[PDB]
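Participant: Before I ask anything, here's the sequence and the deposited coordinates:
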Amino acid sequence: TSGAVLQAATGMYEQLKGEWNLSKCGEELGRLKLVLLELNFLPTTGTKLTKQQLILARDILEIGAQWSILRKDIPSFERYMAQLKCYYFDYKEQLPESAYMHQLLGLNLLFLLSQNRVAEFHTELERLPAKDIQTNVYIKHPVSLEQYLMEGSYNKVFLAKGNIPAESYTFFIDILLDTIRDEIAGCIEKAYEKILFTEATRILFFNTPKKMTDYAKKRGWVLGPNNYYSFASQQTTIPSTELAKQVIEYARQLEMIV
Amino acid sequence: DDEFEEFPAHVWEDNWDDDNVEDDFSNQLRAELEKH
Amino acid sequence: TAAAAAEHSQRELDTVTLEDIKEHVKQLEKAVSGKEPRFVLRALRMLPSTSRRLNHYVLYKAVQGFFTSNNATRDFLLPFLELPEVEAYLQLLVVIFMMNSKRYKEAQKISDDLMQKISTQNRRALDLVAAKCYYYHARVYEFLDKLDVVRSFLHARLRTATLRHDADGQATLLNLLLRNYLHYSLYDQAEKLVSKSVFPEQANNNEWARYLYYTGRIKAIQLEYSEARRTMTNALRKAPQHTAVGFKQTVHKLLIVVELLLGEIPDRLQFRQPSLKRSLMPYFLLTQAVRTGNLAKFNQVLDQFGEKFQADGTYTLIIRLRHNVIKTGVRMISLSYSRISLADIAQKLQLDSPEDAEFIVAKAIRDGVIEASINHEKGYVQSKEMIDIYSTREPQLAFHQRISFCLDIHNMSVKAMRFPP
Amino acid sequence: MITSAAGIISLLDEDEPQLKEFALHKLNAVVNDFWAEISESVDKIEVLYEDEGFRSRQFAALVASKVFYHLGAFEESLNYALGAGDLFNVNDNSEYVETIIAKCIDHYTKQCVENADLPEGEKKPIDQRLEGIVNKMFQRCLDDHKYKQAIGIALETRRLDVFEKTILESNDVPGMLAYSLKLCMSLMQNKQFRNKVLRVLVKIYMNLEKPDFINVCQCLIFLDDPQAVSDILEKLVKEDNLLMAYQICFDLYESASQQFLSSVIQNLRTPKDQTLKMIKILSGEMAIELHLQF
Amino acid sequence: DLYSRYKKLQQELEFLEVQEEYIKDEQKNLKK
Amino acid sequence: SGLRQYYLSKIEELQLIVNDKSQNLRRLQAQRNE
Amino acid sequence: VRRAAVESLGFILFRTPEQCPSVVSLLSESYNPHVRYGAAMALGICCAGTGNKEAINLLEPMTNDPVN
Amino acid sequence: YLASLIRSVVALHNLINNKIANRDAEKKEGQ
């Protein structure tokens, strides 16, 4: 039975590869997920299949994540990458090294940077081994982007656009540009006095000048005064009630018997 | 109380200033007077 | 017969040590036979030095002259060696023996048996002995480099220790579990556990110290640097004085890195103190490099002591360093200046152009480490005119925290004035 | 081994009610070791339970109960444990099961004590599943040949029928009756409940083969029911047991109050030499005379 | 046995609470 | 073996509470004595 | 009325004589002689016909009390 | 605040005095 079901899963994967190696992949991956349920989604120890499960686990889940990124669906990317991460970092002794892994791993790092999840980003970097941070290109590039973004060299962050180890690193560069614009905003409204229209266009790398109105049509920092890009800077009474509360608290803890 | 075994293990109250300067205040002042 | 005479004196000392063990036992019965709480700490505090003085032949005689009720389980100790709480104490002593003897198979088995025993007995004065047993079992598995099965074991045991409204066992299990997560570099599960567990407000000093170290490390990796620095500093202030050289070294190392990240420069009395100089010297060089802003010397220090960084565990914080190195420059500039012009920050911060100055200083303000405004109509970065903070509620608030604290110590001190009868 | 459960929880986001079950199975397999991670995702399982997703109604509720258990929110952990259905496996040595059983008993007892005082009609209902859990716990009490402590939990729960059943179906019925009477007289405070318990005890005493009447008379003195004692005495008269009747009467004199003794005497008045002798004993001539002589 | 112990301890707890409250009150009045 | 565990859990909780309450009561007794 | 309060306390606690020494020890060392007398009488009523050693221990010092 | 700090120090001193008194009593009882 086990051999037959493994053969069926292998045949479905071979059909998948023959397909592409979009929607056809959709239903094929659905059925493959069902068959994986049939078999072993996450050995979870104890069973110790030692079937080199990593083989089919990677097959299905990397192909699923790749189809996801071609589809531009972040929830599916999250699902597939979570599973893939489990398979990567967990069954280390049994699993054979997968050279086709760092791509998705660094792409995940790029996704975290894209959705401004710096905490999780650094947690996963820590999870990664030390050498890979400085040796591999697939991981170095997202590391480089995050380092630049934290330093503040947004110009270098932008110039890195052309530098991409593999075209798979796509749509997260775009979400990253959007998030970078949001962070630039954050800076502008937290600490400036007023930025005129020309200087706003120069600083915030907006879309074409006609849409330059963007992010003011969207965030709208009370713009309008004098020149429409006056930035409307977004920059003394005794708290008697609160002080009374605190002093009464002193009295309470001083007079209560204990 | 308990030595945390799980963790492997001048007389001048210096406070920085151990920088690298063109002497402390001799060549600096010489050049200062020279350019003034 | 010099060897014989030395053995004779050592065995007289051993009789003294056996008397000390008997006194510890007697204190344990004062607690449990007396049934009063605590006093297990009284009988236990001498565990470290007693472990130091442990001796093989002494224990050989102990495992034949002790255990008044000879339940025959003494033969799980006798071959390797060649009450409801005293038995746990003796078993912990024996696992200590194998520990220092480097015998980590019967050590693990005997620790497992001790754990089965303590788990079976649902005592309330045995929780402290259970805590010490947990710690040494973890250390056995650590010298054996599993650190994995212990995760589930300790984690279930923590569940039990928190169902039973215990404090010492709860804290120690939480601490060892966090150590396991950190040893496997799981700084997401570690964070979730710390977020959804509450540390006993009334916990041992030595356990507060370790918990604070691990929590500070978690936050430091997680990029919450201000609370990370507060936690590590409080951990250091909590740490023992005349001991725990290694623990102090590690807390100090992480504190140096975390401060450098916040943008500050540490205190040099650290690198002064003799117990640490050799340990922290790489961080001495690193702090020099960061303070100077000399990226060349920084790269030299990384290439020259990188192995120690990957050993202690700092190697990502020391690149986040690079970032906060440029940040440290801008913080010094904005600490001594009030209206520096951008073209003048470009230079004095080692930048390229006033545009890069705009971006970097704006991000510094966003991170809230320089606390200034900015103006690009003419191009200057005017700071905040300091307001006299005594016609303000800041003194109110500071003294409020300190008065609350003093009142709390008076409360806790008038409490705990137990009278015996 | 696993090193993260976020992968497993990621399945719950799927739209496949074939994948979801495997997700939940493994999640329950590894809750005991990764409760923390799942705590944020518990929100998913809540709606998954509230819906009708195949097995979602029971096994998902089980994992929800486990996660809330580890977290510490016992009050809402109970609400899901009860719905967990037959999956709760009331018979197993798992700290989760023992602890949720403890909480079940505590909550049931609180509800019972709170709805005992309230009128017959407006009583806050009892979750029938919780009732079943507690009832199986009691049946296990009995099956364990641990008849005692069932009396205690029953008295706490204020449910008497089980008190009757447990004191009956046991060895040493006299010993259990004496223990129950000691508990009833000494500890329990609520007078109405004490009266109910004593009525059950008196019924048990009457139903015996060799009835114990001294304890019955003492219980009736507690209950303040002199008519019953008068009928018992007339019964002992007709069915000749004169020594027992005399002992009951002397104990009645030494314990019961004046109004109670007068009521018993009146109900008795309402061969006759024995009746007159008992009336004399109850009135007190013999007792006072004997004490004076002593 | 077990239930007797449980209820004895319970009664002891309420009894001690009452003593606590009384000592609190008398310390107040003694201050006065 | 019946609800030995349940009764023991409750018993131990109450034992702890009574113990620390006795400590505290003796404290207050002494203060009041002063 | 304070004395009556303490004596009534005595009446309340007589099915549990061990407890009365506890409630009355704190009262017996009171500056109010009436409360002291009520404490003594409460001990009497509680531990009547029981020879409670703790009770006698509490009463023994009171026999040398400066108030008649 | 100064008052509170003084009160804290006095309270700790009294706690120490009492712990020492109890320690001496326990040691003497043991011996």
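Facilitator: Sure, I can see it. Numbers count the residues shown, from 1 in each chain, chains lettered A, B, ... in the order given.
Participant: Going by residue numbers, what spans are helices in chain E?
Facilitator: Counting by DSSP state H, one finds helices in chain E at the ranges E:2-31.
Participant: and if you look at chain A?
Facilitator: Counting by DSSP H, the helices of chain A are A:2-19, A:23-39, A:54-71, A:74-89, A:102-114, A:118-127, A:130-134, A:137-151, A:154-159, A:172-190, A:197-203, A:240-255.
Participant: Tell me which of those helices lies nearest to residue D:269.
Facilitator: helix A:240-255 (68.5 Å; C-beta to C-beta). In short, each C-beta sits where N, CA and C put it, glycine included.
Participant: any idea what sits nearest the spatially most central residue of chain A, other than its immediate chain neighbours?
Facilitator: Centrality entry for chain A: nearest residue to the mean C-alpha point is residue A:112, 2.0 Å, by C-alpha atoms, centre = their mean. Excluding the flanking residues, the one nearest residue A:112 by C-beta to C-beta, 6 or more residues apart in numbering or on different chains is residue A:121, at 4.2 Å.
Participant: Give the burial count for the one you found, as a bare number.
Facilitator: By other C-beta atoms under 10 Å in any protein chain shown, the residues close to residue A:121 number 22.
Participant: so what's it up against?
Facilitator: A:109, A:112, A:113, A:146 (C-beta atoms under 8 Å, 6 or more residues apart in numbering or on different chains).
Participant: could those residues go into CSV alongside distance to residue C:356?
Facilitator: Shown next, in CSV, are the contacts of residue A:121 (distance: C-beta to C-beta, whole Å):
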residue, distance to residue C:356
A:109, 25
A:112, 26
A:113, 21
A:146, 18
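Participant: Widest-spaced pair of these?
Facilitator: Maximum pairwise distance among the contacts of residue A:121 (C-beta to C-beta): 8.6 Å, between A:112 and A:146.
Participant: for the helices of chain A, which one sits closest to residue C:379?
Facilitator: That would be helix A:197-203 among the helices of chain A, by C-beta to C-beta, at 10.9 Å.
Participant: Centre-most residue in chain B?
Facilitator: Nearest to chain B centroid, counting by C-alpha atoms, centre = their mean: residue B:18, 1.9 Å.
Participant: ok, now chain D?
Facilitator: Centre-nearest of chain D using C-alpha atoms, centre = their mean is residue D:154, 1.4 Å out.
Participant: separation between that one and residue D:162?
Facilitator: 5 Å (C-beta to C-beta, to the nearest Å).
Participant: for residue C:130, same thing?
Facilitator: Taking C-beta to C-beta as the measure, residue C:130 falls 37 Å from residue D:162.
Participant: What lies in contact with stretch D:111-131?
Facilitator: Contact partners of stretch D:111-131, identified using C-beta under 8 Å, 6+ apart, comprise D:78, D:82, D:83, D:85, D:104, D:107, D:108, D:157, D:158, D:159, D:193.
Participant: Surely the second one is in contact with residue D:108?
Facilitator: No. Using C-beta atoms under 8 Å, residue D:82 and residue D:108 do not qualify as a contacting pair, with a distance of 10.5 Å.
Participant: Residue C:130 and residue D:162: which is more packed in?
Facilitator: residue C:130 (27 against 20).
Participant: how about residue 5, what does it touch?
Facilitator: Using chain A. A:35, A:38, A:39.
Participant: Oops, wrong one, chain E.
Facilitator: Here residue E:5 is in contact with F:7, F:11 (C-beta under 8 Å, 6+ apart).
Participant: now swap in residue H:18 and tell me
Facilitator: So residue H:18 contacts C:417, C:419 (C-beta under 8 Å, 6+ apart).
Participant: what do you get for residue D:55?
Facilitator: D:21, D:24.
Participant: swap the cut-off to 6 Å and go again
Facilitator: Applying C-beta atoms under 6 Å, 6 or more residues apart in numbering or on different chains to residue D:55 gives the contacts residue D:21.
Participant: separation between it and chain F?
Facilitator: 30 Å (C-beta to the nearest C-beta, to the nearest Å).
Participant: hang on, that residue is in a helix, isn't it?
Facilitator: Yes. According to DSSP: H, G, I helix; E, B strand; the rest coil, residue D:55 belongs to a helix.
Participant: For burial, what's the neighbour tally of residue D:181?
Facilitator: 18.
Participant: Sorry, slip of the keys, the one I care about is residue E:18.
Facilitator: Neighbour tally, residue E:18, other C-beta under 10 Å: 11.
Participant: Please apply the same query to residue A:143.
Facilitator: 22.
Participant: PyMOL command for the buried members of the contacts of stretch D:111-131?
Facilitator: The PyMOL selection below is limited to those of those classed as buried (16 or more other C-beta atoms under 10 Å in any protein chain shown):
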select buried, chain D and resi 78+82+83+104+107+108+157+158+159+193
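Participant: ok, so of the contacts of stretch D:111-131, who is nearest chain F?
Facilitator: Checking those against chain F by C-beta to the nearest C-beta gives residue D:104 as the nearest, at 9.9 Å.
Participant: what about residue 3, neighbour count?
Facilitator: In the absence of a named chain, this looks at chain A. 7.
Participant: that's the other chain; I wanted chain F
Facilitator: 25.
Participant: how much space is there between it and residue D:29?
Facilitator: 28 Å.
Participant: do residue D:241 as well
Facilitator: Separation of residue D:241 from residue D:29 (C-beta to C-beta): 68 Å.
Participant: Could you do residue A:144 as well?
Facilitator: For residue A:144, the distance to residue D:29 - C-beta to C-beta - is 40 Å.
Participant: For the residue nearest to the centre of chain B, what are phi and psi?
Facilitator: The phi and psi values for residue B:18, taken as degrees, to the nearest 10, are phi -80, psi 50.
Participant: Leaving out the residues flanking it, which one is nearest to it?
Facilitator: Leaving out its chain neighbours, the residue that sits closest to residue B:18 by C-beta to C-beta, 6+ apart is residue C:288, at 8.0 Å.
Participant: name the element that neighbour belongs to?
Facilitator: Taking DSSP states H and E as the criterion, residue C:288 maps to helix C:277-292.
Participant: Could you find the closest non-adjacent residue to the residue nearest the centre of chain E?
Facilitator: Centrality entry for chain E: nearest residue to the mean C-alpha point is residue E:16, 1.6 Å, by C-alpha atoms, centre = their mean. Leaving out its chain neighbours, the residue that sits closest to residue E:16 by C-beta to C-beta, 6+ apart is residue F:21, at 4.5 Å.
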